[PDB]
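Report on the structure given below.
What follows draws every value from the coordinates through simple rules; no lab data is involved. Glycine also receives a Cβ, built like all others from the backbone with ideal geometry; neighbour counts cover every protein chain displayed.
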Amino acid sequence: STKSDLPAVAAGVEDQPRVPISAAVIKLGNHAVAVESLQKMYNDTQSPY
Amino acid sequence: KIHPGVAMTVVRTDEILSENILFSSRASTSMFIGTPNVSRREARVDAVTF
Amino acid sequence: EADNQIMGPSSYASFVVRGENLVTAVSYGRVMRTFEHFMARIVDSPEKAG
Amino acid sequence: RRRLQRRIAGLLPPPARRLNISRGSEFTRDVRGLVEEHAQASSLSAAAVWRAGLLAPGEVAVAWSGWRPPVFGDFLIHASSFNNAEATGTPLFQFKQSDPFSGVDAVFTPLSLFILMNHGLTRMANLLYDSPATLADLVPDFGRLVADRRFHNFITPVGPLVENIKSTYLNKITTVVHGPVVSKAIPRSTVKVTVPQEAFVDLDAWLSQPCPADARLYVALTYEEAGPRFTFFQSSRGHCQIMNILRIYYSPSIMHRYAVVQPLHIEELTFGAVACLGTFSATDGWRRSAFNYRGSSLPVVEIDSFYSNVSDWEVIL
Amino acid sequence: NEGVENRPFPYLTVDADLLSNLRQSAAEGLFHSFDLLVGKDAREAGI
Amino acid sequence: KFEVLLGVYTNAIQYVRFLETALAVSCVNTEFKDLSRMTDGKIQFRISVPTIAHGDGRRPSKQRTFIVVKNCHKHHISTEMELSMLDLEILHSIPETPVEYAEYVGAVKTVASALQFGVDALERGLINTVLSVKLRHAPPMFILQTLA
């Protein structure tokens, strides 16, 4: 069943505490999507984004 | 500047530098993260290429 | 809606040539700003990273 | 069968090339053993030699990596013939002397070779050598040896200088004839081959797909109408290409030499020769500079990271 | 232009990253006096 | 009469991760040591396609079953830092004078900066690799508008 396979599909993703990282998170209705940018990381190294 | 008997049709190509959005879903890919390896490659006359 | 005041330093900063900088100034004529940090950085424990 | 075990355990270990690093802040013993390289120098003490491992056979190992030590060819020269203000990395060109048992040599930097050819570049040549006559008799008959066009098989390039002790009367230079050009000083510092900018030309810049691992420096004597010239090519190709490429590049001057004079003779017919001088990194080499004398300066081409390897003289036509 | 002494100083780490448009600035010469050290030559020089 | 130097400044290199940046919401990650040992990966799905019977006489599609398999994309990433041999032979050597000691901690600073630069270049290359994985596995919007 799907309720019995839920720990089975959870191999190494659940025995982990949740630490906070910073993220600009907006809401589109029921989704809570996170718009971010990484051109700060590519403007240090002078690589084209 | 008289017209010949033929009529060419020019084709060009145009390059448009966009700034794209990118979506990706939650848990799209599973990633097998390996291990870092460090090694020299060519020990030249005064500098060893790591 | 702007605030009317900002806090700030009242007096100018003080860069006075102390003794060892003066000795370098007399001998070679080359003064180091904050020579004390040079002495703390490459004499007493130089291995402490920045 | 167990003595063989203890022997083969010593003859086994190649240098560990790859290594699983964990964090770059750790800087543990394995990465230090990977990055450590032993020196060709230490102080003359028992602890310093026994820790630097100077007495190891073949290489230097404290008690086969793609690295070999260089080989030096030392020459003794008349001290007037070699201006001692010249830098470490300059390519020397030993003239094979016609004297049978002469223990003295006649080397040339290309600047000293320039006043030999003609008799800024000329300003630095005449400031480095006020006297165009004490070198005009080192070669005993320069007019005959050039007028029969056999000057290229007499000059053996011996690569760059590395260390020059300035003695007064008879000067001793230590060159590197073959291998990796590196200094032997008590603080070791990098040696860079310096070639004059007006003499040095490029070949990828003159032609304007793949990137090679190394580029090769080329020297090229050529017999023109107004005397011989010593241009210095840099190329990233192979030799058998470069012979045809310089045949194309000299195909103006080949027709010019057949045109301004008609070779009724048969020994005039050669048009210079090219000899490889060694390999360097093709990526970041030949950063230009200027070689500052007491009063003037010439622009100079400072090829870092040379592997000196002389080839022989091949004619151009 | 090669005007710098290029000596191993005790350098100071700042808070503000200065890395934006840097190679682009040094390509066209925003700075009058500078020195580029690439890879091998990026070592601190000898006393 | 003196010429003064007023300060010797440098940039402090920011340290990035992959689980700290926010791109890691789009993927789950596994520390798999023996990835050079691995050759191919495989996720195998089975999706039973049900159907509704009709009233009229058509060719009745029976119960169907789709099985698809999904393969792994290996990615290799590598840059090359270069150290001069001079700092290394200073590093193996023992210092006895404070001048050689100053040069020794200078070469130690050079090699440690090179080591953290190497792991930093692998860290930036990881996020570059993840972004290229996503940007190859992403069609534009004007196809998904029709296929929605």
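Quick notes
- Values of log10 I(q)/I(0), in the order q = 0.05, 0.12 Å⁻¹, for the protein assembly as shown under a Debye, Cα-only, solvent-free model: -0.40, -1.42
- Taking amide H atoms as placed 1.01 Å from N in the peptide plane, the amide H of B:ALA47 lies under 5 Å from those of F:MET85, each 5 or more residues away in sequence or on another chain.
- Among the trypsin sites (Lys or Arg not before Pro) in segment F:56-148, those placed in a DSSP loop whose Cβ has at most 10 other Cβ atoms within 10 Å are F:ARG58, F:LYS62.
- Under 17 Å from a label point set 7 Å out along the Cα-to-Cβ vector of A:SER1, no amide N atom of segment F:40-73 is found.
- Gyration tensor verdict on chain B (Cα atoms; rounded if a/c is under 1.5, prolate if a/b is larger than b/c, oblate otherwise): oblate
- Taking amide H as placed 1.01 Å from N in the peptide plane, the amide H of D:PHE232 sits under 5 Å from that of D:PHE200, D:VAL201, each at least 5 places away or on another chain.
- Close amide H contacts of D:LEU76 (hydrogens built in the peptide plane, cut-off under 5 Å, sequence separation of 5 or more or a different chain): D:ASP105.
- Cβ-derived FRET efficiency at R0 56 Å, A:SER47 paired with C:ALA13, nearest 0.05: 0.90
- Dmax and Rg, reported as Rg then Dmax, of segment D:265-317 (C-alpha, Å): 16.6, 46
- Computed magnitude of the charge dipole of segment D:177-223 (debye, nearest 20; Cβ of K, R +1, Cβ of D, E -1): 360 debye
- Dividing the alpha-carbon radius of gyration of segment D:196-239 by the rule-of-thumb value 2.2 N^0.38 Å gives 1.32.
- Converting phi to 3J(HN,Hα) with the Karplus coefficients 6.51, -1.76 and 1.60 and the offset θ = phi - 60°, segment D:240-252 yields 6, 5, 5, 4, 6, 5, 6, 5, 5, 5, 9, 3, x Hz in sequence order, with x at every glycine or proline.
- Three-way shape call for segment D:1-138 based on the alpha-carbon gyration tensor, with the a/c threshold at 1.5: prolate
- Coupling constants for segment D:35-52 follow from the phi torsions by the Karplus curve (6.51 cos²θ - 1.76 cosθ + 1.60, θ = phi - 60°), and in residue order they are 8, 6, 10, 7, 8, 8, 7, 7, 6, 7, 9, 5, 5, 6, 6, 6, 9, 6 Hz; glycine and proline get x.
- In this calculation the C-beta distance from D:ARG32 to A:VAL35 is compared with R0 = 41 Å, giving a FRET efficiency of 0.40.
- Entry for chain A at q = 0.28, 0.31, 0.32 Å⁻¹: log10 I(q)/I(0) = -0.96, -1.03, -1.06, Debye formula applied to identical alpha-carbon scatterers, no solvent contribution.
- Rough spin-label spacing in nm, given labels placed 7 Å along Cα→Cβ, for D:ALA205 and D:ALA56: 4.1 nm
- With respect to chain F, whose longest principal axis is taken over its alpha-carbon atoms, helix F:98-136 is tilted by about 10°.
- The ranking of D:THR270, F:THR51, B:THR13, F:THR39 by Cβ neighbour count inside 10 Å, starting from the fewest, reads B:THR13, F:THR39, F:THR51, D:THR270.
- Rounded to whole Hz, the Karplus (6.51, -1.76, 1.60) HN-Hα couplings of segment D:86-94, x for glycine and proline: 6, 6, 5, x, 10, x, 8, 9, 6
- Environment charge of F:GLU123, counting only residues whose C-beta is closer than 13 Å and scoring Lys/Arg +1, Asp/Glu -1: 0
- GluC sites (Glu not before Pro) restricted to chain B and DSSP loop, no more than 15 other C-beta within 10 Å: B:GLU15, B:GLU19
- Calculated P(r) of chain D - Cα pairs past 31 Å, %: 42 percent
- For segment D:125-185, the orientation-averaged shadow of the C-alpha convex hull comes to 6.2 nm² (one quarter of the hull surface).
- For C:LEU22, net neighbour charge (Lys/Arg +1, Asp/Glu -1) across residues whose Cβ lies under 14 Å away: +2
- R0 of 51 Å, Cβ-Cβ distance B:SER39-E:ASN1: FRET efficiency to nearest 0.05: 0.85
- For peptide C:27-37, the mean count of partner chain Cβ atoms within 10 Å of a residue's Cβ comes to 3.
- Within the shell defined by Cβ-Cβ distances under 11 Å, the residues around D:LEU76 carry a net charge of -1, with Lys and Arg each +1 and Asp and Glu each -1.
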